[PDB]
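Asks: Take a look and give me a structure for this.
(4 chains, ligands or ions: 6)
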Amino acid sequence: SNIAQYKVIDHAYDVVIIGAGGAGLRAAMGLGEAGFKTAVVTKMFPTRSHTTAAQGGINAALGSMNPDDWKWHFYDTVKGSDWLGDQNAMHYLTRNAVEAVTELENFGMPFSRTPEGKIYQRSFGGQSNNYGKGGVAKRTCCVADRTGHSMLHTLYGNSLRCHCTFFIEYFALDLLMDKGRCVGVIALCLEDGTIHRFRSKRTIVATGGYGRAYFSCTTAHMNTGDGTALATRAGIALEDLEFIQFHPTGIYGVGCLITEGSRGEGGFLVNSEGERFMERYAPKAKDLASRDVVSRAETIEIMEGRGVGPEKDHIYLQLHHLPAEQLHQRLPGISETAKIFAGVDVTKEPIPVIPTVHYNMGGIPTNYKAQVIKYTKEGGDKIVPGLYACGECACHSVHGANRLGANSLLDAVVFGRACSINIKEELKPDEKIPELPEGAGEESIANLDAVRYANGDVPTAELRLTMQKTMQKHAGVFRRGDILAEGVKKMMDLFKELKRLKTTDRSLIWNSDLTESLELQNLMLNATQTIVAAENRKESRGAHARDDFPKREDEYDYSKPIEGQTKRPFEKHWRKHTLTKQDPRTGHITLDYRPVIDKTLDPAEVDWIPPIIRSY
Amino acid sequence: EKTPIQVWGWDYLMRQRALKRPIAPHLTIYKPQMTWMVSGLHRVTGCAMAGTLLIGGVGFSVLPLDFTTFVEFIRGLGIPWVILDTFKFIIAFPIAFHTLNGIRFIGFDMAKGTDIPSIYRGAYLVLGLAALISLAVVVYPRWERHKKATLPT
Amino acid sequence: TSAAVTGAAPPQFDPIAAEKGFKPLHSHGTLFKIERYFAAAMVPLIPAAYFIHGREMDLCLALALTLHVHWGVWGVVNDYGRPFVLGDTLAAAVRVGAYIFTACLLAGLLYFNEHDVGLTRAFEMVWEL
Amino acid sequence: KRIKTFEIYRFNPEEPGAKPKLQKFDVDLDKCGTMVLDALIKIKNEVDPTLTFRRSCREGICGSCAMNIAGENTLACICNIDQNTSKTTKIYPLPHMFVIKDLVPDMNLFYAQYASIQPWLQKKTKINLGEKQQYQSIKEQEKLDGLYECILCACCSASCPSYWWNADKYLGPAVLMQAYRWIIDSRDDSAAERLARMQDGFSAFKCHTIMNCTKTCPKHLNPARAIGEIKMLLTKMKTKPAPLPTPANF
Ligand SMILES: Cc1cc2nc3c(=O)[nH]c(=O)nc-3n(C[C@H](O)[C@H](O)[C@H](O)COP(=O)(O)OP(=O)(O)OC[C@H]3O[C@@H](n4cnc5c(N)ncnc54)[C@H](O)[C@@H]3O)c2cc1C
Ligand code: HEM
Ligand SMILES: Cc1ccccc1C(=O)Nc1cccc(OC(C)C)c1
Ligand code: SF4
Ligand code: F3S
Ligand code: FES
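Replies: Residues are numbered from 1 along each chain as shown, chains lettered A, B, ... in the order given. Ligands and ions are numbered 1, 2, ... in the order given. Find the structure here:
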């Protein structure tokens, strides 16, 4: 850190939360409730966190509309994870879904109500009553079109009562580590350019995902997957990074989300020939089939020319057939959102949409206790002390290969709640606040000091763009071994351009040029790991679909009957998590693979669902 | 006697001064709109009249002048058939506009007429009746005295 | 290096802890009510002054006007007579002045009714030009 | 070469004894997106990266990008660039706020005031958390429509001249409407004590019905109005029809 001097500021808390998104805030409320001196660290105001932009709804088996068993939720979630989903985590999610969302009503979330006065639910993507046998399920509870805005503002409000101390606009640089143990976090106070070291017995990572690793995305600009990168720079393997979900109905132009609620209310996808083409691709579910299918099904129509508009390159979402007193009631957000960015009167015209990057199931590997883990091939799942994770940045996993619709706001909440529940217990008040080793994150700063005065000939702005495109091309909805190899070749050579970086802005106080550069740093780690994982995965499963490996590789062939066959070895078949372990400095990436936890938590409360062929 | 938040609000203002932090512009930069321009002209006139009543009530008291000398003094120049009623219109309008607008500005204390159509309508409505009543009050006796120069009896 | 100083938690408003002690119930609300009532009552009055002139009207005008302008100037004195931009006691000077303005106003108007044309007659005479 | 020219407010606290500035930035509208924010980014990305400013969402739902654009307080991301290349779009920060750097202002007071209204659900009978849905009717919950949407951009408090003057004491439109939002929520019980906290002559009443809040607001909402009901509520010219009856089969 030679070229400057820095104001270093220590602290001491019980538990630090890097994140003020749904998960981080819920996590905080429970810890305040428990009585911990809880520091919430966020690189922007909590209400600006991504959650806010969420639209469709949040999932729970409430049966405000009709009878519902959470076990039917649990099913559609395991089939949604294309059996790459650790079911012990999914069991936790779907069991407590009804308690957690009810909590939110009890925190003053203004859920839309049915005439009965109950929480109005709608239908959504990839759900169904009676274990896939029955109808299309109505579990997706909502505040009409704007569920995530109202969930966050509510969760935040209630966290002003938890006596939790807020560090707002603080960019977290690294997880402060002591040989296996997370003793705290380091950050940069944007307000005064001071550096802050937070000592803590625990550390919850709720940073969200890396939607900006791709060119087009519904995500917000601050989806740079920092927490995911922090873990890597502390020496942890990330999980299932190649599984990037593509949301079907992202607007043609900017890529802003048009909800799946727009489809769950009775809207549908129409090609250049005026065919509701999803009725072919999904005989049963139609336009409420899972997102990886619907987004693929779009791309097929485009790539075969029946795409619409002046480039025959996107398609339509249709709402000019639903009654306008429902559009206005159930979809006012997208109504205006479409009317602004597309100029579309949704009651008169369709909305030009296209598959778009949205959610990263992939993240920091954890158990069901939302605790970060490492995975030796012999020792197994060895946890990381003083470290927890939840939200989009985590991979429990409750989404394996494909996240279900309306499940993340729940994943954010339930496992945020879980973080505190699980910490309240396993933390004990005799355990003193850990001291920092001398010269902690002297590198963390050095790194910053480098980027701050960046001297090379590549503008930080341009190196991002070329990453984003190099990505957009190679790791699309349909990917192939030759493309991916050729992607990895470019991405790894873009990584070497990091030493050739340029930044003009030199100031400490509110340097959006410097901070964005650290985001790019973090994004490049995620991205590199995303594509090397994808290149290597020789199968089609969930979001990640390989033209050259278009069957779901499983222990058994599951189309044929089970008995009579003979289970493959762990090496050949791909029912396993992808654990990329990048060398933060050089960029070398090594892999290893970890089993899917098939068992539930209580075999007495529910049965583990056998892998059947995922059809909608 | 401050509420706990308004205490904090002060301590803040201090802390904000401390940092020599500049303040964003406002009147300097903000655009003219019929919401607050009207607010200005309600309060501009409101005051002007009260300052008149002081400059009038206390001014004529302290000074030796009675009002009857003043009314005669101006007829000294005996300014044009126009320029008088101009000043009459200038004197009616602050009372006219204000008093009308007072019924409107009470409205928005009751949530009555607070949407942008109701705001912008009322703005023209009040200016209309203030233009009418001040012109009508001023050009009525003037059109009764020039109804002597030629009259029946 | 990490030869740091230990810092403190950032300044923040605790609405639960500020709830200790706070009993202020000096319900200004009922005063607002009467300001507006009165002003609505003056809606017929201005017409009445146009039509029914006289010394006793002057008195209703000079009583009401001094009472409504008193409430008015106090408003404008609080908006612009700010402690921040004036310093505490100097703001209290304007503050007190808002009451001086009222008492000087009424006396100014009372002198004029009782030793001059009066409000009503003053308009007749200037409209007569 | 449809070169739009921009006059952006500039300022550097780093630079010793420096003062507010105005910089002119030119932008090729053919090489740019349709929204103001796109240019500001384009500018940071291609021209001067020191141009510091707040963004997060692109869809106008976060509240981060509040600022002044051609004399009005609005969100950049969903405000359209003025296509007339002979003219300039004049970009300043949110009026009468202390500026940190360029278009970034300190919020904390605004944030702190919205914290003082106890923006969360309060009920006298201690109910259990994840146990039961509380009752609220379609008519009841629909009241909040117009209130719950506020993203806390502060375009409205930044436009209110009464806020400019007495910002420390007068809560300002956006914060008030959230105070109101929690008042009329049927499920909410401690609604009198909420009024109790802004009974004084500044907190609430210093609203001189100017109406910029409602006119400037990028989400088309109406604070002036909810202030209305507060004035009626505080004067006891009105009060809320208390909770509807939660039926015994619900
Ligand atoms: C357009 C859209 C619509 C959606 N709709 C739905 C829906 O209807 N239902 C549903 O279930 N899910 C939905 N999702 C998914 C869901 O909203 C998110 O995945 C979820 O809200 C993530 O919450 P989180 O707490 O993990 O992190 P986020 O809400 O993403 O916030 C991340 C937090 O981490 C902090 N952070 C990041 N980096 C740093 C750093 N370096 N230092 C310090 N702090 C940092 C940020 O300040 C931020 O507060 C939607 C997503 C999008 C994009
Ligand atoms: C006759 C009917 C009148 C009505 C209904 C009326 C109503 C009102 C109202 C409601 C206000 C408060 C508005 C606010 O707070 O912004 C006000 C303020 C004021 N009025 Fe009047 N008024 C009337 C006549 C007058 C007259 C004749 C004067 C003459 C001097 C006057 C001077 C003022 C002043 C100085 C204020 C100051 C506060 C301000 O502008 O904000 N008013 N009036
Ligand atoms: C503060 C106040 C209360 C009630 C009625 C009017 C005002 C008032 O003068 N606003 C105001 C004050 C100064 C300037 C301004 O316009 C600027 C945009 C030029 C408006
Ligand atoms: S009200 Fe309209 S303007 Fe005032 S904050 Fe909420 S949204 Fe921004
Ligand atoms: S702009 Fe200003 S004073 Fe009252 S109603 Fe709107 S706040
Ligand atoms: S950046 Fe989200 S409000 Fe425009």
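Asks: Walk me through the domains of chain D.
Replies: Using curated CATH domains, the domains assigned to chain D come out as D:1-106, D:107-250.
Asks: how about the last one against ligand 3, any contact?
Replies: It stands for domain D:107-250. Yes. Legend: contact between domain D:107-250 and ligand 3 by Cβ under 6 Å from any ligand atom is shown at D:161-162, D:208, D:210. The way it works is simple: take the backbone N, C-alpha and C, and place the C-beta from them, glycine included.
Asks: hmm, that domain in reach of ligand 5?
Replies: Yes. Using Cβ under 6 Å from any ligand atom, domain D:107-250 comes into contact with ligand 5 via D:159-160, D:162, D:173, D:207-213, D:223-224, D:227.
Asks: Just name the closest of those residues to residue C:95, please.
Replies: Distances from residue C:95 to these, taken as Cβ to Cβ, are shortest for residue D:162 (17.6 Å).
Asks: For ligand 1, see how far away that closest one is.
Replies: For residue D:162, the distance to ligand 1 (Cβ to the nearest ligand atom, to the nearest Å) stands at 33 Å.
Asks: Verify the stated contact: that residue with residue D:206.
Replies: Yes. Using Cβ atoms under 8 Å, residue D:162 is in contact with residue D:206, at 5.1 Å.
Asks: More neighbours: which of these two?
Replies: Neighbour count, other Cβ atoms under 10 Å in any protein chain shown: between residue D:162 and residue D:206, residue D:162 has more, with 23 against 20.
Asks: Briefly note if the helix or strand hosting that one comes near chain C.
Replies: Remark: residue D:162 resides in helix D:161-166, with elements defined by DSSP states H and E. Yes. Residues of helix D:161-166 contacting chain C under Cβ under 8 Å from any Cβ of the partner chain: D:162, D:165-166.
Asks: With respect to ligand 5, which of the residues you listed is nearest?
Replies: residue D:162 (4.1 Å; Cβ to the nearest ligand atom).
Asks: need the contact list for the closest one.
Replies: Neighbouring residues of residue D:162 by Cβ atoms under 8 Å, 6 or more residues apart in numbering or on different chains: C:79, D:170, D:206-208, D:210.
Asks: Select from those the one having the most neighbours.
Replies: The residue in the contacts of residue D:162 with the most neighbours, by other Cβ under 10 Å, is residue D:170 (30 neighbours).
Asks: Make sure I have this right: it is in a helix.
Replies: No. Residue D:170 sits outside any helix when classified using DSSP: H, G, I helix; E, B strand; the rest coil, being coil.
Asks: Look up how far ligand 6 lies from it.
Replies: Distance of residue D:170 to ligand 6, given as Cβ to the nearest ligand atom: 25 Å.
Asks: Show me what residue of chain B gets nearest to chain A.
Replies: As assessed by Cβ to the nearest Cβ, chain A sits closest to residue B:19 within chain B, at 9.1 Å.
Asks: And chain C, by the same measure?
Replies: Using Cβ to the nearest Cβ, residue C:4 is the residue of chain C that sits closest to chain A, at 3.4 Å.
Asks: how many neighbours does the closest residue in space to that residue that isn't next to it in sequence have?
Replies: Closest residue in space to residue C:4, ignoring its immediate chain neighbours: residue A:8 at 3.4 Å, by Cβ to Cβ, 6 or more residues apart in numbering or on different chains. Applying other Cβ under 10 Å, we find 21 residues neighbouring residue A:8.
Asks: mind checking how far residue A:8 is from ligand 1?
Replies: Taking Cβ to the nearest ligand atom as the measure, residue A:8 falls 17 Å from ligand 1.
Asks: ok, and the closest non-adjacent residue to whichever residue of chain B sits closest to chain C?
Replies: Nearest residue of chain B to chain C (Cβ to the nearest Cβ) works out as residue B:57 at 2.7 Å. In space, and not counting its chain neighbours, residue B:57 is closest to residue C:108: 2.7 Å by Cβ to Cβ, 6+ apart.
Asks: Could you say which helix or strand holds that neighbour?
Replies: Counting by DSSP H and E, residue C:108 is found in helix C:88-115.
Asks: Identify, from the residues of helix D:161-166 next to chain C, the entry nearest to residue A:27.
Replies: Nearest to residue A:27 out of the residues of helix D:161-166 next to chain C is residue D:166 (Cβ to Cβ; 37.7 Å).
Asks: Would you mind naming what in chain D lies close to ligand 2?
Replies: residue D:208.
Asks: The spatially most central residue of chain D: what's it in contact with?
Replies: For chain D, residue D:154 is the residue whose C-alpha lies nearest the centre (Cα atoms, centre = their mean; 2.6 Å). Going by Cβ under 8 Å, 6+ apart, residue D:154 touches D:63, D:66, D:94, D:107, D:110, D:172, D:174.
Asks: if you skip the residues just before and after it, what's nearest to it?
Replies: Per Cβ to Cβ, 6+ apart, closest to residue D:154 is residue D:110, 5.1 Å.
Asks: burial of that neighbour, as a residue count?
Replies: The number of residues near residue D:110, taken as other Cβ under 10 Å, comes to 23.
Asks: these two touch, right, it and residue D:155?
Replies: No. The criterion here is Cβ under 8 Å, and residue D:110 misses it with residue D:155 at 11.1 Å.
Asks: does stretch B:84-103 come close to chain C?
Replies: Yes. Counting by Cβ under 8 Å from any Cβ, chain C has neighbours in stretch B:84-103: B:84, B:88, B:91, B:95, B:99, B:102-103.
Asks: List buried residues within these.
Replies: Buried residues within those, counting neighbours by 16 or more other Cβ atoms under 10 Å in any protein chain shown: B:84, B:88, B:91, B:95, B:99, B:102.
Asks: closest to residue A:332 among those?
Replies: Nearest to residue A:332 among these: residue B:102, at 36.8 Å, using Cβ to Cβ.
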